[PDB]
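One chain is shown next in structure tokens, namely the form deposited in one PDB entry.
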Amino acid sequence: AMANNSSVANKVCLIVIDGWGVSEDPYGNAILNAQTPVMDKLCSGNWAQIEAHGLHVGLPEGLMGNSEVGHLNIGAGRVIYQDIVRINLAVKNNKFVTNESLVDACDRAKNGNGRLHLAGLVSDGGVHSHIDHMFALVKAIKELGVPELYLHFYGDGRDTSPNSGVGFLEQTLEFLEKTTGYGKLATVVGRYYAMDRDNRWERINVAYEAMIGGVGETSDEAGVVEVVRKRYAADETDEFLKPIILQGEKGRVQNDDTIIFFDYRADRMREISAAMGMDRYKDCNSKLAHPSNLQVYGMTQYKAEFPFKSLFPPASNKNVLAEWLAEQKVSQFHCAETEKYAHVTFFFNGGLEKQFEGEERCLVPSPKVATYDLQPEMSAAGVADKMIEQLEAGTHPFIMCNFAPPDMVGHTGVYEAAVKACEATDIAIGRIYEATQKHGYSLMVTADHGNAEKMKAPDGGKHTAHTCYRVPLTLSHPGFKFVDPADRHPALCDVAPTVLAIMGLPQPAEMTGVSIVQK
């Protein structure tokens, strides 16, 4: 318990069903065709349908939702923009030139030796980086007046075709010469060497010695594409390009230089960025002298133990629901079975392992079966038992759980199993509902994304994935009507503001979602 528990205007029980989306199409629809008399009634009259995929939850458009993203958005009361979406917005709205860390890196160059490097994967793969991001970096750096800019081009061939490198090379050459008239290519080397993540420091060292010492094949802007073509004819493709060296010593990473890695995916940046700025050049086992007084910046955070500034550092996620309730001295209860336990803790609480004052947790063991189609009810009955225990106790003004079966049994593709999982879930929801009415709680039912409403593809094949359908938001309290946001569809970011309103509690400024009920 906690001091302000009774100050609440309504106690609230929040059920997050996993993989339960709203489809009116009945073909392969495990929810519709299951016996679901409880959700049939809760999803009628005054209920809402809210978005849980795509840009509504901070993911690229057209991308299905998932448990990690959905629980994060529900618990956070705000859209958390995924790196790709975030940086692409910055690029389109010309926001690199005002980016705090970038201005800081250019200021460092301008106040120092004038020299700045860009390094990263040059292609349109979109997994680790995007060439468009690098171009926007060059344009902004030019406008910020940095004297001297060098690029270190890492060849892809893995997220793009093995012989696409020469085209991105041509683009980059032409862009630097004709579009910016500013910036110079200094290095070309394959990701095999530059972007190892398996502690193969003999691979890293190839890239490192090219950047630091110019160890590789000499060329220039007139010749480098031809050099690459010859490597292709020799059967050495983008991923495996051995170093090509441009601009001579001018283009090496030298004493006092500044460097920006522009990849947004951290795993393949940690080795080379630590060789440059985290005192791990020793593992490269090079005979070259390591430059002194380097400063490294990353596009995103590569490791929290690194001293590097990030152009797009993590969302801090201050005052997600779990934190805000403890701040208001209100206790809370989070319950899931094993398969979704992280989702009601780590992810619901903001994507980090932090448990707040007054927060109680309960884990219900998932059944020990080979696949969950073999026990489609999983442990839903047990989660409901623990929630009913809490409702009868009345201790916690906010309680929430996850029900695993529709998502986890849906991933098996077994339609009749998915039906049984939706029936087990509905039964458990009905038992929680009856306990809430007997002990003075309002019930809200939602989901983190869809899944079990589409168990068959059009060709009748099994559909084992999440979906882009809307999810429910229900509310048993009769003193409220569901209303839409002014400017957009409702989405998961609105669940927590609505709970707080119903609870009579304040909304923190960091929750930029909105309550979607009116009193």
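Superpose the two forms; the largest set of C-alphas matching within 1.5 Å is the rigid core. Residues carry their position along the shown sequence, with the first being 1.
*Asks:* When the C-alpha temperature factors are averaged for each of 334 to 342 and 352 to 360, which stretch ends up with the higher value in the entry?
*Replies:* Averaged over C-alpha atoms, the B-factors run higher in 352 to 360.
*Asks:* May I ask you to compare 323 to 331 and 394 to 402 by their mean CA B factor in the entry and name the higher one?
*Replies:* Taking the mean C-alpha B-factor of 323 to 331 and of 394 to 402, the larger value falls to 323 to 331.
*Asks:* Considering only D132, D448, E177, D220, which residue's Cα atom bears the greatest B-factor as recorded?
*Replies:* That would be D220, according to the entry.
*Asks:* According to the Cα B-factor stored in this entry, which of the following is highest: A370, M276, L149, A428?
*Replies:* Of the options given, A370 has the highest CA B-factor in the PDB entry.
*Asks:* Taking the chain's C-alpha temperature factors as the reference, tell me which third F96 falls into: lowest, middle or highest.
*Replies:* Tercile = highest for this residue's CA B-factor.
*Asks:* Please place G21 in the lowest, middle or highest third of its chain by C-alpha B factor as given in the entry.
*Replies:* For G21, the deposited C-alpha B-factor lands in the middle third.
*Asks:* Lowest, middle or highest third: where is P291 by Cα B-factor in its chain?
*Replies:* Answer is middle: the recorded C-alpha B-factor places it there.
*Asks:* Could you place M444 in the lowest, middle or highest third of its chain by Cα temperature factor, using the values in the record?
*Replies:* As the PDB entry reports it, the C-alpha B-factor of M444 lands in the lowest third of its chain.
*Asks:* In terms of the CA temperature factor given in the entry, to which third of its chain does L505 belong: lowest, middle or highest?
*Replies:* Highest third.
Just so you know, the form deposited in another entry exists too; it's not on screen, but the next bit is about it.
*Asks:* Answer yes if the CA of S366 moves 2 Å or more between this form and the one not shown after aligning the rigid core, and no otherwise.
*Replies:* No; that C-alpha moves by less than 2 Å between this form and the one not shown.
*Asks:* 2 Å or more on the CA of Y208 between this form and the one not shown, with the rigid core superposed, yes or no?
*Replies:* Yes, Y208 moves 2 Å or more.
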